[PDB]
Each structure stands twice: as C-alpha cells, then as structure tokens.
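Trainee: Below you'll find the structure I mean.
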Ligand SMILES: CCCCCCCCCCCC(=O)OC[C@H](COP(=O)(O)OCCN)OC(=O)CCCCCCCCC
Ligand SMILES: CCCCCCCCCCCC(=O)OC[C@H](COP(=O)(O)OCCN)OC(=O)CCCCCCCCC
Ligand SMILES: CCCCCCCCCCCC(=O)OC[C@H](COP(=O)(O)OCCN)OC(=O)CCCCCCCCC
Ligand SMILES: CCCCCCCCCCCC(=O)OC[C@H](COP(=O)(O)OCCN)OC(=O)CCCCCCCCC
Ligand SMILES: CC(C)Oc1cc(Cl)ccc1CNc1cc(-c2ccccc2)nc2ncnn12
Ligand SMILES: CC(C)Oc1cc(Cl)ccc1CNc1cc(-c2ccccc2)nc2ncnn12
Ligand SMILES: CCCCCCCCCCCCCCCCCCCCCCCCO
Ligand SMILES: CCCCCCCCCCCCCCCCCCCCCCCCO
Ligand SMILES: CCCCCCCC/C=C\CCCCCCCC(=O)NCCO
Ligand SMILES: CCCCCCCC/C=C\CCCCCCCC(=O)NCCO
Ligand SMILES: CCCCCCCCCCCCCCCCCCCCO
Ligand SMILES: CCCCCCCCCCCCCCCCCCCCO
Ligand SMILES: CCCCCCCCCCCCCCCCCCCCO
Ligand SMILES: CCCCCCCCCCCCCCCCCCCCO
Ligand SMILES: CCCCCCCCCCCCO
Ligand SMILES: CCCCCCCCCCCCO
Ligand SMILES: CCCCCCCCCCCCO
Ligand SMILES: CCCCCCCCCCCCO
Ligand SMILES: CCCCCCCCCCCCO
Ligand SMILES: CCCCCCCCCCCCO
Ligand SMILES: CCCCCCCCCCCCO
Ligand SMILES: CCCCCCCCCCCCO
C-alpha cells in the first residue's frame, strides 16, 4: 500500500513556506491558505460536486478572498466545465484536469495546507494516508475507512454529502494558528507512519 | 478483465474510413495508414524507445511519407522531449502526453489501422485484446502472453528489442491489401471475443 | 431415572446462555434500526443469527436430556447445533470475502452486482449448513448400531470427517484471503489481522483435529475440553464484528 | 526375493519408470540451456526434480523388496517417496502463486524482489518436504508395534493424518488463487484453468480421503487403487507445465 519511503518530506529541499509560495506563483495566485482536492469527477463516489457547491456558498462571504483552491481531476465534462467556469469567475481558484506524475503529487502534498476528501464512500483511504505522511491536515467525510485513520487530533470530520457542513468545516479550519498547524502536521505524520 | 459490452464497434457511428479521415483531419495530417502506440514511457518494460528508433530508421526511406504515427504516453521527460522533437521534425508524427478517456481510446482503436505493442514483457496483454475487439491489427513482440493471443493469422510477431525487425515488420505491413485487412480485422475480432 | 448432570454439562449450559444473550442483543439492534441494510450488515446479521441458534441449541439440549427426559428430542438438537456451527463458519467466510472485495473492487463494489453476490453467498452458506446439518437426522447416525459411531455419540464417523475436510478447505481459503488483505494494507492493521485470525484458528483447530485422531472408545473428557473453545468463539464473534462498528455503538449508547 | 511380487506391483514399477524418464528429459532440457534461469524455470525445474525423485523411488522400492531383501532399504525408500510427493505438491503451489503475482504485479513482478521471493518459496517447499518426510526415519514409525500403523504399513497413523490435514489446507489456497486468476482473465481461458485444477483434484483427492477413512485392517487393494492416480499425476505435470512452453518445445525439436 503506502511505500512510507516514496512519500516523505526529506525528498523536498525547500521549506513549507518557500515551496508554497513558489507553487502559488506558478499558478499566479497570492500567498494564503490553500485547499487541494485530487480525484476523479463523478456523480456520487468521489464527491467533487459537494466541494464545488461549498465553494460557491463561501463565495458570498468576505473571507473567501483569503482561501485558495486547487482542483485536480477528470470525468463528466459537465463538472469539468463547471470547474472551469468557477476558475474563470474567481481568481483564487485553479483547475488542473491533466494527469500528474507522482513527483508532482508528492510536491503538492508538502505545499498545500489542507487536503479535502469529501468522498461518499472510501473503504481504505490511500489518499488520506499519503497526504498525512507529508504533513497535510485532512478534512474528510466521516465514512468507513476515513473514520479509522483520522482522529480528533489529526484532522477534521464532516458529514457525507452536506455542503453546509463542509463549508462550516472549511471556515472553522480557516482560524487555526501556525503553531497549531505544525503540531497537527507532526501528529498526522506520526499517525500515518505508525498506521499500516 | 476484458469487457465485451464496453469495447465494440456498435458504439461507433461512422464507417472506418470516415472515422479515420476525421481523426486525421483533427490531428492535421493527410489520409493514410496510421500506427498508434499507447502506454507508459520507460527504459525496459514497454519499449517506446524501440518504436522511436524504428521510426528514425524508417525516416530515410521513401515510403515513410505514407506512414502516420500517434504516440500516447508519459514518463521520463527525456523520452517525452525526444518524441516532441520527432513530431516537430516530421509532419506525419503526433505525440499526445495527456491522459485520455476510455471513449477516446475506443475511438482510436476503431480508427487506426495497426496497434504496435513492442513490450519487453507482457504477462497478460489487455491492450492486444482491447485493440483486437474493435478490429485493429496488432504488431507485438513475441514474448509470453502476447504470443498466446496473436496467432500467425491474426497479426504479426517480432523479436523483442530488435529495432531492425520492427522496422521490417512495419514495412511489410505497409503493403497489405484492403481485403486482407478486412479479413484480418474479422479474424482479430473473433479471436478477441473467443477468449 | 434421569441422568445426573456433570460439571461440564453445566459449564456448556451457562456458555450457551451467555452466547444467546449477546447475539440476541446484536440481532435486535440490527433488525431494529432500518438504516442497517447494506451487505455488510446482512452478513453480520446472518452471523449473529447462527451464533444465537448455537447458544439456544446448547441450552435446550441440556434441558432436553437431563430435565425433559426424551431420546427423540435430544437428536434433533444435535443437528440444530451442527447446522448452527456450519452456518457460523460460512458466515465468517462470507464476511471475509466481502471485506476483501470492498478493499479491492474499490469502484465496482458499490453496484447491484454486490447485492446479487451477497444474496448468492447467503443462499450458499445456509444451504450448505442445512445440507451438512441434516445428516444426523437420518442419513448418518450410529443409533442403529452398525455405522462405526464417532466421537460425538449420535453422529457418525463418516460425517464428522467430511465436516473436518470442509473446515480445512475453508481455513486455507481464509489464509489466502488474509494474504491478499495484508498485501493491500501493507503495524496496527497487521497486528489486528493476526489477532482476528489467531482467535478463529485457536478456537476451531482443537476440535476439528481431535475429530480425526479420536475414537468412540476415547475418554469423554476430551470432547468437552475441545468443544468449549468453539462456544467461546461464538461468544467473542459479536465483539469483533458487531460491537466494534462505530454505527452500532451509537445505538447501543441510546 | 522371497515375497514373490504380485500383479499390482509391476503396474507401479512401470509407472515409476515412465515418470522417471519423462522428468529426466525435462530436467536435462532445463539444465542444458543457460537461457532458462528466470524464476518460472527455477520453479518448473524444482517440480521436475521432485517427480523424478518420486519415480526413481518407486522403481528402487520395487527393486529392494522383491530382488534385494532388505528392510532397512525399504524403510529408507518410503521416506524418499513421501518427501518426493510433498515437494511435488509444494512446487505446484509455488508455481500458481508465481503465476498469480505475475498477472497481478504486472510492473512490480519484474523487480529484484521476485528473485528473493522465489528463493524463499523454494526453501520453504524443500524444507517442508524434508520435515514431513523425516517422520518414517524418526519417532513416528509403526515398526516397533503399539503405534497403530496407518493405511501404508511402515508409516504411522498420526503422520498420515497430519499429511492429509496439510494437503487439505493447501488445496483450499489453490481454490482461492484460481478464483483470483479467473477475475483477471474473465471462455477458452477458463476451460483450461478448470481442466488443470481437475487434473490435480481428481488425482490427489482419492488417496488423501481414503487416508482418513481407512485402517490397518482394510483390504490391501485400496492402497494400490487410490495411490495409482497419485503416481499418474507426475506423468502429466511435465506436459502441463514444461512441454506446453514454446521455448522448451523449440529446444526439444532438435
Ligand atoms: C437489501 C434489502 C433488505 C432485504 C432483506 C432480505 C434479504 C435476506 C437476508 C437474510 C439474512 C439472515 O439473517 O439469514 C437468516 C435466514 C435463515 O434463518 P433460520 O431460520 O435460522 O434457518 C432456516 C434455514 N433457511 O437466512 C436464509 O434463509 C438465507 C436466505 C437466502 C436467500 C437470500 C434472499 C432472497 C430474497 C430475494
Ligand atoms: C468450499 C469448501 C466447502 C466444500 C463442502 C464439501 C462437501 C460436499 C459433500 C456432500 C456429501 C454429503 O455429505 O452429503 C450428505 C447428504 C447425504 O447424506 P445421505 O446420503 O442421505 O446418507 C445415507 C442415506 N441413506 O447430502 C445431502 O443430503 C444433499 C446435499 C449436499 C449438500 C452439499 C452443499 C455444499 C455447498 C457448498
Ligand atoms: C539465477 C541463477 C540461479 C542459480 C541456481 C539457484 C538454485 C535454486 C534451486 C534449483 C531448483 C531445485 O530443484 O532445488 C533442489 C534442491 C534439493 O534437491 P534434492 O537433492 O532432491 O533434496 C535435498 C533437499 N535439499 O533444493 C533446494 O533448492 C534448497 C533450497 C535452496 C534455495 C536457496 C539457494 C540460495 C542461493 C543464493
Ligand atoms: C500451508 C500448509 C501448512 C502445513 C501445516 C502442517 C504443519 C505441521 C506442524 C507440526 C507437525 C510436524 O511437522 O511434525 C513434527 C516433526 C516430526 O518430528 P517427530 O517424529 O515428532 O520427532 C520426535 C522424535 N522423538 O518435527 C520435525 O521434525 C521438525 C520439522 C517441522 C516441519 C514443519 C515445516 C513446515 C514448513 C511449511
Ligand atoms: C508458499 C507459502 C508462502 O504459501 C502460502 C502460505 C500461507 Cl500461510 C498463505 C498464503 C500462501 C500463498 N499465497 C501468497 C504467498 C506470498 C509469498 C510471499 C513471500 C514469500 C513467500 C510467499 N505472497 C502472496 N501474495 C498473495 N498471495 N500470496
Ligand atoms: C462462498 C464461496 C463462493 O466461497 C468460495 C468458494 C470457492 Cl470454491 C472458492 C473461493 C471462494 C471465496 N472467494 C471468492 C468468491 C467470490 C464469489 C463470487 C460470486 C458469488 C460468491 C462468491 N468471488 C471472489 N473473488 C475473489 N475471491 N472470491
Ligand atoms: C486435551 C485438549 C486440550 C486442548 C485445549 C486447547 C485450548 C486452546 C485455547 C482456546 C481458547 C482461547 C481463545 C483465544 C481467543 C483470543 C483472542 C481474543 C480476541 C478479543 C478481541 C480483540 C479485538 C481486537 O481485534
Ligand atoms: C477405490 C476406488 C477409487 C478410485 C478412484 C479413481 C479416480 C479416477 C482418477 C483418474 C486419474 C486421471 C485423471 C487425470 C485427468 C486430467 C486429464 C488430462 C489433462 C492433460 C491435458 C491438459 C492440456 C491442456 O491443459
Ligand atoms: C460455503 C459452505 C461453508 C461450509 C463450512 C464448513 C464448516 C464446517 C466445519 C466445522 C463444523 C463443525 C460442526 C460441529 C460438530 C457438531 C458439534 C456438536 O454436535 N455438539 C453436540 C453437543 O454435545
Ligand atoms: C509449503 C509446504 C507444502 C506442503 C504441502 C503438503 C502436501 C502433503 C500432502 C500429501 C502428501 C502425501 C504423501 C504421500 C504419502 C506417502 C506415499 C507412500 O508412502 N507410498 C509408499 C509406496 O508404497
Ligand atoms: C469445494 C469444491 C471442491 C471439490 C470438493 C470435492 C469433494 C471432496 C470431499 C469428498 C468427500 C466424499 C466422502 C464420501 C464418503 C464415502 C463413504 C462411502 C461409504 C463407505 O462404506
Ligand atoms: C495458530 C495460532 C495458535 C493456535 C494453534 C493451536 C493449535 C493446536 C492444535 C491442538 C491439537 C489438539 C489435538 C489433541 C489430540 C488429543 C489426543 C487424541 C487421543 C486419541 O485417543
Ligand atoms: C499455516 C498455519 C497452520 C496453523 C497450525 C496448524 C496445526 C494443525 C496440524 C496438526 C498439529 C499437530 C497435531 C498434534 C499431533 C498429533 C499427535 C499428538 C498426540 C500424541 O498422542
Ligand atoms: C472433480 C473431480 C473429483 C473426483 C474425486 C472425488 C472424491 C473421491 C472420493 C474418494 C472416496 C474414497 C473411498 C473410500 C473407500 C472406503 C474406505 C473404507 C474403509 C473402512 O475400513
Ligand atoms: C474462559 C474459559 C473459562 C473456563 C472455565 C472452566 C471452569 C471449570 C471448573 C469446573 C470443572 C469441573 O471440575
Ligand atoms: C464459562 C465458565 C463460567 C461457568 C462456570 C460454571 C462452573 C460450574 C461447575 C461446578 C458444577 C456445579 O454444579
Ligand atoms: C462449491 C461452491 C461453488 C461456488 C460457485 C459460485 C459461482 C457463482 C457466480 C455467480 C455470479 C457472481 O456475480
Ligand atoms: C505468507 C504471508 C504472505 C503475505 C505477505 C505480504 C506481506 C509482505 C509485504 C508486501 C508488500 C506490499 O506489496
Ligand atoms: C501404465 C500401466 C501399463 C499396464 C501394465 C500392465 C502390467 C500387468 C502385469 C500383470 C502380470 C504380471 O506380469
Ligand atoms: C490410467 C491408466 C490405467 C492403466 C493401468 C490399470 C491396470 C491395468 C492392468 C490390470 C491390473 C490388475 O490385475
Ligand atoms: C507456514 C509458512 C508461512 C511463512 C510465510 C513467510 C513469509 C516471509 C515474507 C518474505 C518476504 C519476501 O517478499
Ligand atoms: C467461486 C468462483 C469465484 C470467482 C468467479 C468469478 C467469475 C466472474 C467474474 C467476472 C468479473 C471480472 O471482474
């Protein structure tokens, strides 16, 4: 399953702040807390629609200008067009529909603050473990598989298919402090490395 | 494994020639026999380098102008740059590094004449069966797995990692007649569905 | 003149009582809430029903051979216990198969084929339990006096060997399934897998092995000493498979 | 000399000679060509070595009980046959797990961990064969009396039961391994799997089942009648696993 050696922060020379700033400059967005979603687009298995609806709901809020979103995936062309429209409407949203090499994914995990996994059902949860190994705080649905990996001290838990609750969780995570973020990242690394 | 209800010619509307011409126009190349390679790029498992070397060798031949090549894959950036340089040098070569949906893959299988599978080791060979189901004549290495599927009457067989033999096989396949191509497509469909 | 109960008979009666209580609780919880209708819950409910049948059979058999003197009522209950144990092991195998396919068929598991597969598994499990738990009734028992009686009195030697052969085949299948679950997961997960498989093995190998090395003339004590861990397994199944779920627990706390 | 061989022993000596000839040819082909050094060929050569040992053991055993009166040699040569059969049944499991891992780990199977795995599997197979073919020459022997000889005279009854238990555990693993290969493949590729598994079950079930339902007082004809199919399983192994390969055929038409 998890290599535990392919995924590690040691392979990345740059620091968290420097890597995040470089990645944001590459995408042409200013510095700030960024949330990344990776996975295929589909009706009711991965759940990109819930994330997009939550983003739309948050758009009416003033603090939405402080949040950056990176969406990676493919699938139904309607959802791809919806994501492209959201990207065009707001300058703090980016969409990457192309495939990415494992090195790029590893670099991303070590740069983005939070990884959103709002899946309807996910028996095992490789994505959560891979993100946690590089100190990425997850925000996942409380379904089987993700419930075991993520405890109260290693991330957040949200009800499946509840855009309002997902938006509330994002807003609440917006206030976490840098020291708390570092402690959470260390705890996530420990949980991912110890858990098989 | 293979989904017989997913890979079929029924889901395609136009005729073989019409789909081929439309795809070639979309890719901006003239009508002709087109050879497609789909797979990962790497050193010694799928052998894209063998196909690229064969194309380079064939470039010096006069008949090379009648061949079209579509290369789909990802991997070592050096090989990607080599493929891009080959595409730039010759107007009858195209490279697609993007990931494609299964519908596009089936359309390609139903459009291109020949599918090249010069892999060093293919224990099962899903690509061969998927290409055959839509009526694409394969040109595969004679390694385990591909040898079981492709008989003498359903395609060609070439020695693994021998660019000269691959070029010779491509040249030989360039001269097959339309009726022979139709018979080969029917035989390939029968063999693929039989499994 | 009813026979005098022994200490081991009382021990098995109380073990049956405890098993019945636990699995009645589990079955009531699952059948009560209408949200528990996924294939996992169907398989766990089948396991709980099998264990409850085994426990109730133990209690009734003790009450049918020492209190309600009867020679025809204590023979049906042996078949009932054989059916219960066979169905319990079949349900364990079905649960393991479902878990492995859910971890492997990540995207195709959530379909109608999963429901059809679960129904097929339940049909196979209970049909096999009933086919291999009707032999004591008429097909194979040593009651007549010319069928080489086995270690468990009413049953036959040719029947208790087929049961052991089937158990060892199922055990091999379970080992292979756990190998492919270990490969997908891989030290907490592996430790938990090892514990869950070790409980099953340590509980069911004693009897099924003594079942092949024993005769009708061996001491009757070895029966009880090897057939008690099987009851203990039926006792600890709900804890492993039902009460460790995070949806059953909230209903428990209600 | 004195025992005056019987009509059922010549039929077994000739089978031994045929098995020996076939597998000697296969081993000579494998060892002669230096290109055959992949893990597949190591496993298929181990299988051939095991079935050559079995055949030579049969021939020598027949020649040591009816031509060279010697109890010591016969006792030593029964253990050789037990080891040969154990190794020949372990090599099939090794081959099948290799096939499954090559079909599954399509890109990881060609790493350098497929050689360490093959060496580990060979060590396990030929260590288990020697551990479970060390019993006749060891404590678990029935020669001294009071140890309840099994269906095969020199061997004990606990040793044969342990061997049968191990076979049924290993038979279940093959069922799951083929149930996993069917999903990868899946009409003409399922028929071959069914035939290859039937040729193994139909050949080895008779003995391993009679091994549990039999006794020292059973007629001696059943041992011959159930141990002949087991011998004939070493005649079709080279055809299924060695002569059906195309490189091997190319080397053979010279
Ligand atoms: C998803 C929507 C909800 C649908 C719910 C119905 C599906 C079947 C659930 C059965 C689960 C179970 O606990 O089995 C116990 C009985 C046997 O109990 P017995 O009295 O102790 O023993 C008597 C022996 N039979 O299980 C069975 O009988 C197995 C039934 C097999 C057929 C599967 C259902 C077919 C319906 C289409
Ligand atoms: C996946 C691993 C598990 C594999 C299980 C292997 C066991 C199969 C063998 C069945 C033979 C048997 O014992 O049948 C008993 C009765 C017959 O008793 P009788 O002949 O009537 O006695 C003499 C009468 N005068 O069988 C039946 O009643 C028929 C039902 C057979 C049930 C087998 C179902 C297996 C489904 C998995
Ligand atoms: C890449 C080049 C490879 C070089 C060769 C590697 C050797 C692997 C073994 C070959 C197959 C075989 O039949 O083994 C038989 C021997 C025993 O035969 P015995 O005479 O009938 O019975 C006596 C019982 N031992 O058994 C063994 O192989 C024992 C396991 C050894 C495997 C590890 C070898 C370490 C090499 C580093
Ligand atoms: C996947 C298939 C699983 C196989 C499961 C069966 C395992 C058998 C375990 C214990 C029985 C046994 O091996 O006999 C003990 C031997 C015999 O010695 P002795 O006659 O009792 O000596 C007494 C002297 N007075 O003990 C040994 O010789 C030690 C070797 C044990 C071999 C087990 C190897 C298994 C590797 C797979
Ligand atoms: C020869 C022996 C190990 O066979 C077995 C024994 C048990 Cl107890 C369980 C299972 C099997 C065979 N299944 C198996 C084995 C191995 C493997 C890895 C390393 C060394 C040796 C074997 N890997 C696998 N991956 C998926 N199945 N599987
Ligand atoms: C209950 C019975 C079927 O269990 C088995 C019996 C045998 Cl002979 C072999 C194996 C198994 C369990 N392995 C298994 C079963 C099924 C399955 C598919 C449809 C209906 C029911 C079961 N699919 C699977 N895919 C990978 N393993 N596997
Ligand atoms: C002369 C005959 C002698 C034979 C006697 C044999 C006795 C063998 C002991 C068998 C009884 C012990 C059963 C072990 C079960 C252990 C696991 C506990 C799991 C608890 C849940 C953990 C949840 C996390 O997963
Ligand atoms: C006391 C009575 C008990 C008697 C028990 C007798 C049981 C009968 C056993 C019969 C032995 C033979 C069984 C071989 C069957 C396999 C066919 C050949 C496969 C080889 C070609 C495959 C090529 C493509 O894969
Ligand atoms: C897909 C099919 C699944 C089949 C699995 C087969 C497992 C059967 C193994 C073991 C079943 C053992 C049955 C217990 C014997 C009877 C106990 C008893 O009689 N106690 C009398 C009270 O004194
Ligand atoms: C990973 C370990 C693999 C172990 C697999 C275990 C299989 C053993 C099963 C069966 C082995 C049966 C052995 C034959 C008995 C002896 C035959 C005989 O003695 N004939 C005397 C001539 O008259
Ligand atoms: C799960 C699918 C795999 C194949 C299973 C094959 C069945 C093996 C067990 C046979 C038991 C068959 C035992 C029969 C008992 C015969 C005694 C007759 C009377 C003696 O006088
Ligand atoms: C694998 C994880 C740990 C658990 C393993 C326990 C396995 C022990 C087998 C005990 C066999 C117990 C068989 C005892 C037979 C008693 C003598 C018979 C006398 C006939 O008259
Ligand atoms: C691969 C995982 C396997 C788990 C362990 C299997 C153990 C069962 C086999 C029989 C054990 C050994 C049975 C005990 C030996 C019989 C004689 C003892 C009594 C002397 O009077
Ligand atoms: C898929 C192909 C499977 C074919 C094999 C089926 C199983 C054969 C059963 C062997 C019966 C073994 C018969 C035992 C004979 C009676 C011995 C009793 C002696 C009492 O002292
Ligand atoms: C957890 C297993 C509990 C075993 C309880 C055994 C108690 C037996 C005591 C009475 C035996 C008759 O002398
Ligand atoms: C499962 C163990 C708990 C039950 C213990 C019962 C022991 C009773 C043995 C003494 C008999 C008294 O009549
Ligand atoms: C003795 C056990 C035999 C098991 C065979 C069951 C195969 C039925 C497949 C049903 C279709 C599953 O989608
Ligand atoms: C015999 C036990 C077989 C299971 C071995 C699996 C565990 C070894 C590490 C596997 C590496 C992940 O693919
Ligand atoms: C593979 C078996 C071939 C048939 C062998 C027949 C031998 C029977 C000999 C019986 C009379 C003694 O010469
Ligand atoms: C599968 C091949 C079976 C051929 C050998 C059967 C025995 C034939 C000769 C008769 C020996 C009994 O006197
Ligand atoms: C009963 C024998 C089971 C022993 C299994 C040994 C597994 C060792 C793992 C070796 C890892 C090689 O990838
Ligand atoms: C009992 C045999 C179990 C395996 C049978 C599976 C055959 C049908 C599977 C078709 C779907 C491929 O993923």
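Trainee: Could you grab the relative contact order for the stretch C:8-126? Cα pairs under 8 Å, six or more apart, rounded to a whole percent.
Mentor: Details: 101 pairs, mean separation 34.2, N = 119.
Normalised by residue count, the contact order of the stretch C:8-126 is 29 percent.
Trainee: Tell me whether the stretch D:183-254 comes out rounded, prolate or oblate; compute the Cα gyration tensor, take square roots of the eigenvalues as a ≥ b ≥ c, and use a/c under 1.5 as the rounded threshold. Mind dumping the intermediate values first?
Mentor: On the way: a/c = 4.93, a/b = 1.82, b/c = 2.70.
Taking the square roots of the gyration eigenvalues as a ≥ b ≥ c, the stretch D:183-254 is oblate.
Trainee: Where a ≥ b ≥ c are the square roots of the eigenvalues of the C-alpha gyration tensor, would you call the stretch D:7-252 rounded, which needs a/c under 1.5, or, failing that, prolate if a/b is larger than b/c, or oblate?
Mentor: Verdict is prolate for the stretch D:7-252.
Trainee: Using a label point 7 Å beyond Cα on the Cα-Cβ vector, give me the inter-copy distances for residue C:146 in nanometres, one decimal, shortest first.
Mentor: Those separations, rounded to one decimal, come out as 3.6 nm.
Trainee: Which whole number gives the average, over all residues in C:169-181, of C-beta atoms from other chains lying within 10 Å of the residue C-beta?
Mentor: Numbers: counts 7, 4, 5, 11, 9, 3, 5, 10, 4, 0, 4, 5, 0.
Mean partner-chain Cβ count within 10 Å for C:169-181: 5.
Trainee: Let me ask something additional. What are the nm distances, shortest first, from residue D:245 to its equivalents in the other copies, labels at 7 Å along Cα→Cβ?
Mentor: 4.9
Trainee: Further question on the same structure: List the distances, in nm to one decimal, from the label point of residue D:224 to the label points of the same position in every other copy, shortest first, placing each label point 7 Å from Cα along the Cα-to-Cβ direction.
Mentor: With the label placed 7 Å along Cα→Cβ, residue D:224 yields 4.9 nm.
Trainee: Next question. Going out from 0 in 10 Å bins, what whole percent of all Cα-Cα distances in chain B drops into each bin?
Mentor: Pairs per bin, as whole percents: 9, 39, 40, 12, 0.
Trainee: Give the Rg (one decimal place) followed by the Dmax (whole number) of the stretch C:115-254, computed from C-alpha coordinates and expressed in Å.
Mentor: Expressed in Å, the Cα Rg and Dmax of the stretch C:115-254 come to 18.5, 57.
Trainee: Give me log10 I(q)/I(0) at q = 0.13, 0.17, 0.33 Å⁻¹ for the stretch C:165-207, Debye formula, one equal scatterer per alpha-carbon, no solvent.
Mentor: -0.30, -0.50, -1.17
Trainee: Using R₀ = 56 Å, calculate the FRET efficiency as 1/(1 + (r/R₀)^6) where r is the Cβ-Cβ separation of residue A:152 and residue C:175; round to 0.05. Don't jump to the answer; show the numbers that get you there.
Mentor: Working: r = 36 Å, r/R0 = 0.65.
Result of the calculation: an efficiency of 0.95.
Trainee: Please list, in order, the residues from the stretch A:70-85 whose amide nitrogen is less than 13 Å from a point placed 7 Å along the Cα→Cβ vector of residue A:100.
Mentor: Residues A:70-74 fall inside that zone.
Trainee: When DSSP beta bridges are limited to those with both residues in the protein assembly as shown, what percentage is antiparallel, rounded to the nearest 5?
Mentor: Of those bridges, close to 5 percent are antiparallel.
Trainee: Next question. Relative contact order for the stretch B:120-181: what is it in percent, counting Cα pairs under 8 Å that are at least 6 residues apart? Mind dumping the intermediate values first?
Mentor: On the way: 61 pairs, mean separation 17.5, N = 62.
Relative contact order of the stretch B:120-181: 28 percent.
Trainee: Can you give the FRET efficiency for residue C:224 and residue C:119, using 1/(1 + (r/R0)^6), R0 = 45 Å, r = Cβ-Cβ distance, to the nearest 0.05? Walk me through the numbers before you get to the answer.
Mentor: Details: r = 38 Å, r/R0 = 0.85.
It comes out at approximately 0.75.
Trainee: Under the definition of Cα pairs under 8 Å and six or more residues apart, what whole-number percent is the relative contact order of chain B?
Mentor: On the way: 295 pairs, mean separation 43.4, N = 195.
Value for chain B: 22 percent.
Trainee: Can you compute the modelled spin-label distance between residue A:8 and residue A:183, with each label point 7 Å from Cα toward Cβ, in nm?
Mentor: 2.7
Trainee: May I pose another question? Bin width 10 Å, alpha-carbon pairs only: give the P(r) of the stretch D:1-96 as whole percents, running from 0 to the bin holding the largest distance.
Mentor: Histogramming the stretch D:1-96 at 10 Å steps yields 17, 40, 28, 13, 3, 0 percent.
Trainee: Order of C:116, A:34, A:97 from fewest to most other C-beta atoms within 10 Å?
Mentor: Details: C:116 10, A:34 21, A:97 15.
Ordered from fewest to most neighbouring Cβ atoms within 10 Å, C:116, A:34, A:97 come out as C:116, A:97, A:34.
Trainee: Assuming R0 = 35 Å, can you tell me the calculated FRET efficiency for the pair residue C:134 and residue C:232, based on Cβ-Cβ distance, to the nearest 0.05? Working shown, then result.
Mentor: Details: r = 27 Å, r/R0 = 0.76.
So, using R0 = 35 Å, E works out to roughly 0.85.
Trainee: Just check the protein assembly as shown against the gyration tensor rule for me: Cα atoms, a ≥ b ≥ c as the square roots of the eigenvalues, rounded for a/c under 1.5, and otherwise prolate or oblate depending on whether a/b exceeds b/c.
Mentor: Numbers: a/c = 2.39, a/b = 1.29, b/c = 1.85.
In terms of gyration-tensor shape, oblate.
Trainee: According to a simple spin-label model (label point 7 Å from Cα along Cα-to-Cβ), what is the distance in nm between residue C:201 and residue D:17?
Mentor: For the pair residue D:17/residue C:201, the computed spacing is 4.6 nm.
Quick note: the coordinates plus some simple rules give every number you see, no bench work behind them. Every residue, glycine among them, receives a Cβ derived from its backbone with ideal geometry; neighbour counts consider all protein chains shown.
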